[PDB]
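Following: one structure in structure tokens, then a few remarks.
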Amino acid sequence: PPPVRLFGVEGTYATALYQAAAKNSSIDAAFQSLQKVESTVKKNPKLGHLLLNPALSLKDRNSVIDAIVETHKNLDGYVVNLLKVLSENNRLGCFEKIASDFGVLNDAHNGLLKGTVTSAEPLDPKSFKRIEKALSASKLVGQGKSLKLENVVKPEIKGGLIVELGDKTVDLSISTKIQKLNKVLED
Amino acid sequence: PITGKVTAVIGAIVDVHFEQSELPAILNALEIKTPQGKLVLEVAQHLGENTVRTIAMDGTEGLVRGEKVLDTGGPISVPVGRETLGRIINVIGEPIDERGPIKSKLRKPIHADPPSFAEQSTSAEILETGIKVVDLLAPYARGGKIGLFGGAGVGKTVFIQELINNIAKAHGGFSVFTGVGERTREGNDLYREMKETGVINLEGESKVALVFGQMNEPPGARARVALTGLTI
Amino acid sequence: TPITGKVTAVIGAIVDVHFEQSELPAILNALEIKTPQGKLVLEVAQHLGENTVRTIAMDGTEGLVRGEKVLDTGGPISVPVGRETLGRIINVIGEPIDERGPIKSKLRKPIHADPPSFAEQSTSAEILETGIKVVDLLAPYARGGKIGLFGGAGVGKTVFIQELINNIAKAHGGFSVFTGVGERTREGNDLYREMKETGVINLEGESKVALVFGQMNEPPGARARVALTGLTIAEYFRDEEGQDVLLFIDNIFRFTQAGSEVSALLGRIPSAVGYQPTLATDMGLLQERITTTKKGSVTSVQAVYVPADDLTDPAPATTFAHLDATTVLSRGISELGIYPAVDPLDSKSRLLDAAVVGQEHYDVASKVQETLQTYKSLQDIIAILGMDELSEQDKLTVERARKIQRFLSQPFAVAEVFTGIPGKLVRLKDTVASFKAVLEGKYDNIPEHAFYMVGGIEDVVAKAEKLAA
Amino acid sequence: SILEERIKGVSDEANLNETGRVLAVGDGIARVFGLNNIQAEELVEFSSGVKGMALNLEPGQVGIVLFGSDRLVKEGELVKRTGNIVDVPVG
């Protein structure tokens, strides 16, 4: 059973990878090695970008796979079986997609809460820290998952702040308040 | 030649996955050797991924997904000749008259491109027909299309027979009675009648060559029967 | 707003752009792709996510190269309005296609404009008489109303509208808007020439008419927003100038039709007959942006190309719903040679009432309807067996009705060329009188041919004398 | 590295800017990979020896419409752009 199913298309692949590596026991190893080969795929720019797009054979695809396992002899065998799956399904256009998804499952398994505090401008580090403290203090943190605080800059969200994490947000942006004030003052 | 494994048999639409890069062209004829002799499949699409989609000319009942397929390399090539005169041939261009292998000179693809604008004859003529009624009130025309109406057995068949007789005097040409989804009981009778009226003389010569389509033949083979006849 | 994008797809005239920055225009914003064909104006219609909008293209999309740079104009397309519009033919974009150069702009207004509220409504009650006998008798028009025509387009449909322009719009005076969605370019040129000739457009002087013209050659997508553009011009008059206007729309079937074409490409599951699912909403919105507010009263004339002349078709059907009066014109009545070819048993107005036009008018109309309906009822019997085999009482009715049918033709001066008969306009007061007499059989004693293709009762009397010689 | 070199080795070469290679084909429309710069409603000439007019320009694929019999075209053939919107000699 995965740590909560997420993603259907491509994520059945990710789920499978997760549960299979749960039966491998080593999920972290798998993820780390996948991360490393994925990174060198991205840092292979000629045909590691320009042949991420299927247009070539099953057999040619297989030989690309063979080149990939020459690039790293550490990739476990489950993620080498994942290479087999992707070659067989001839879908390379969702390799990094699967990588991202496996990251989500993996860090859910690790248990790290995710969040973002989108604002109009990058906030103070004191603000960051106070918010980090607050979020950990709040019942939202289960003490089992540790927030990510990602500042996003969104001037379109004119002033204020919006805190986001879980399915729970508090939006005390200036834009929303102005919007509501204006709207009701058009009534 | 190229070979491929059957990867679907949904209806009479049989998808064959062929070895890489070397794939049949559209309108090629494939032969799957069967315990039914052969099954002729005609490639009518490329589905991509080194797979094609074909239609069948013989019933698809029984077929293991993965049977070897062989590509003939082009539209079914049916024997032609004065030999083929007076021979019943099925869609796959093989004798069903049971007068044994038809001695062939050349065989020719069933699909063929219509003659060019240049090759069209620029003035029409009148084809003579012994029937006076025909020659006065609706004259037959050289290379024309003349559409019969009125049910079979009124003498429709006899009218067709008459034309063969007339044709022998008129030109001394040949004919091909192509029967599209002919009722097979009726077809037996027709063969017997044609033999009897001597337009087919088994010992002797035969003007008409027969291509008979049976309603039991797959729809695809019903469709291609006409084109086969035309090639003759 | 300067938002670069690339053209991900060009599936018909429904280009899809993929913005590369995370600032994304909203739905109904407008974008310009600049090309050696100048700007092409596209309008955002879906957000398909991942910073990929899908945009309807209001200009032709041939030659586009995928990945081509886009720039976002932002917000709905803003046409230019004023009184400076009057004396212009304007393209969908707003370009002055009558080539009187740049239109002196006052306020430029977004094409999409929300329909005025329930509170803003003001109900009409005006009588607008066209001097067309069949109109007057059967279904009087009203100032501010929504008038409706159905049948084959420009098979006489266009002519009918032209007759209306000839009569109503000189008397009305003031602002008037002609908006022609997907019309035949040559017919439009004729209208332009004619308007200039009748001085309504006086280009040397001022024009009290403005024109929007969308040719049927214009791409389907362009045709979709020709209508919305015209409505904006009208709104400026309705609201800002606050003077009573006129509006002509021909054909509003083209509006529906255009939508159905784009709908498929857009990716909607086709509704019955193939019409867009948003057919009801789009028609609804359009027809509530044409209305008589307390701000102003806009008489509108809408022309419906009924496809195959089947009223049961869902697009004509939903049109029938939004009109205030209709005068369906039937091909059969055209075959009978009666021009105007308005079906007399398929006309309605909410203005035909015994209060609105009084009991005497209503009584006159009642008898006409009854007589004609009887005549329609006996059509079977007439064909199967002779009229002599009908009852004597019925034979009087039949003879009267045959006369009424012939009487209803009124030569039109705009159709003077085609008819070859000088047109005649007959007063509303005169019309009621004329029919009253005929209904009492006063002048029933003279041939059917006497009633055929001639005007008022007095004219009929004279035409009997003409025939008598 | 050597791996990248071997990948380069099995690659067909060319980014297929202004040329394509045909994918699945049938029912008188073909779906081609490449033709990176492609004018809309252009005339393309296949290596088959037939010409077609690009109709559907879609993300990552272009759907030519075959002006001619399907027998002529076969999968994986190289389509070269005529480079012109469909034109016919006039004079």
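Keeping their order, the protein sequence lines are chains O, F, D and C. Residue numbers for the first sequence follow the entry's author numbering, so the first one is 7 and each next one is one higher. Residue numbers for the second sequence follow the entry's author numbering, so the first one is 8 and each next one is one higher. Residue numbers for the third sequence follow the entry's author numbering, so the first one is 7 and each next one is one higher. Residue numbers for the fourth sequence follow the entry's author numbering, so the first one is 12 and each next one is one higher. Ideal Cβ positions, reconstructed from N, Cα and C, are used throughout, including at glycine.
Neighbourhood of residue 70/O in chain C, by CB distance below 8 Å: 18, 21, in chain order.
Collapsing the DSSP output to three states places residue 152/F in coil.
Between residue 347/D and residue 162/D, the C-beta gap is smaller than 8 Å, which places the two residues in contact. With contacts defined as CB atoms closer than 8 Å, residue 32/F and residue 82/C qualify as a contacting pair.
The Cβ atoms of residue 384/D and residue 394/D lie no closer than 8 Å to each other.
The stretch 126-138 of chain O and the stretch 39-46 of chain O do not touch, with fewer than 3 CB-CB distances between them shorter than 8 Å. Per the C-alpha coordinates, the member of 294/D, 380/D, 445/D, 324/D positioned closest to residue 278/D is 324/D.
Every beta strand (DSSP E) of 3 residues or more that sits fully in the stretch 55-143 of chain F is shown, in chain order, as 58-63, 75-81, 84-87, 113-116. In this chain, residue 178/F is not harboured by any beta strand (DSSP E), its DSSP state being neither H nor E. Of all residues in the stretch 40-56 of chain C, those with a C-beta nearer than 9 Å to a C-beta of chain O are 44, 45, reading in chain order.
CA-CA distance, residue 42/D to residue 79/D, rounds to 18 Å. Under the Cβ criterion of 8 Å, residue 30/O is not counted among the residues facing chain C.
In this structure, the CA atom of residue 85/C is about 54 Å from the CA atom of residue 170/O. Using beta-carbon distances, residue 66/C does not count as an interface residue toward chain F, since no partner is under 8 Å.
Considering only beta carbons, the part of the stretch 7-19 of chain D lying closer than 7 Å to chain C consists of 14, 15, 16, 17, in chain order. A straight-line Cα-Cα distance of about 15 Å links residue 51/F and residue 79/C.
Taking C-beta atoms under 8 Å as the contact rule, residue 268/D and residue 62/D qualify, at a distance of about 6 Å. Taking 3 residues as the minimum length, the beta strand (DSSP E) runs contained wholly in the stretch 243-270 of chain D are 251-256, in order along the chain. For residue 360/D, the CB contacts under 6 Å within the same chain, skipping 5 residues up- and downstream, are 368 in chain order. Burial state of residue 125/F is exposed, judged by a 10 Å Cβ sphere holding fewer than 16 other Cβ atoms. Rounded to the nearest whole angstrom, the C-alpha separation of residue 146/D and residue 57/D is 54 Å. Going by C-alpha positions, residue 25/O is about 11 Å away from residue 11/O. Not a single C-beta of chain O is nearer than 8 Å to the C-beta of residue 86/C. In chain F, no part has a C-beta under 9 Å from the C-beta of residue 93/O; the shortest such distance is about 13 Å. Interface flag for residue 27/F against chain O is set, since a Cβ pair is found closer than 8 Å. Rounded to whole angstroms, the separation of the alpha carbons of residue 136/O and residue 146/O is 15 Å. Short of 6 Å from the beta carbon of residue 353/D, and not among the five residues preceding or following it, lie these beta carbons of its own chain, in chain order: 144, 145, 333. Excluding residues up to 5 positions away in sequence, 44 lie with their Cβ nearer than 8 Å to the Cβ of residue 71/C in the same chain. At least one CB atom of chain F sits nearer than 8 Å to the CB of residue 82/C. Listed along chain C are 34, 35, 86, each with a C-beta nearer than 7 Å to that of residue 55/F. By the CB criterion at 8 Å, residue 191/F and residue 222/F fall inside the cutoff. Boundaries of the alpha helix (DSSP H) harbouring residue 132/O: 131-143, taken from the DSSP string. Closer than 8 Å to the CB of residue 96/C there is at least one CB belonging to chain D. Judged by DSSP secondary structure, residue 229/F falls within the alpha helix (DSSP H) whose first and last residues are 226-238. Per DSSP, the continuous beta strand (DSSP E) segment holding residue 37/D begins and ends at 36-41.
Looking at the DSSP output, residue 124/O bridges to 158/O, 168/O.
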